[PDB]
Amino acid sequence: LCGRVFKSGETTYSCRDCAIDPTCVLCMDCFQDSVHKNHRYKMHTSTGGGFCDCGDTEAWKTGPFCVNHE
């Protein structure tokens, strides 16, 4: 599990194809090493205090782990 806490302004990513809902999100480092960079991804600018869902098998229809966290 990544679980990194986002700072305000940080760039993060959801996947329209795989996210169970629009709040499922990856930090940039996880996103870049994930299957979702080749999907219908959607960038989000953090308000601050959200967290990365990399490794959460409940959050992603495919590829819940990036290469770093597999």
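Between two forms, the rigid core is the largest collection of C-alphas that superpose within 1.5 Å. Residue numbers run from 1 along the displayed sequence.
So which moves more in 4 other deposited structures of this protein by CA, 1 to 9 or 59 to 67, given a superposition on the core?
Between 1 to 9 and 59 to 67, the one lying farther away in 4 other deposited structures of this protein is 1 to 9.
Averaged over C-alpha atoms, is the B-factor higher for 59 to 67 or for 1 to 9 in this PDB entry?
Higher mean C-alpha B-factor: 1 to 9.
Report the third (lowest, middle or highest) to which the CA temperature factor of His36 belongs, ranking only the modelled residues of the same chain.
For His36, the deposited C-alpha B-factor lands in the lowest third.
State the tercile, meaning the lowest, middle or highest third, of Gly48 with respect to the CA B-factors recorded for its chain.
CA B-factor rank for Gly48: highest third.
Chain-wide C-alpha B factor ranking for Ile20, given as lowest, middle or highest third:
CA B-factor rank for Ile20: highest third.
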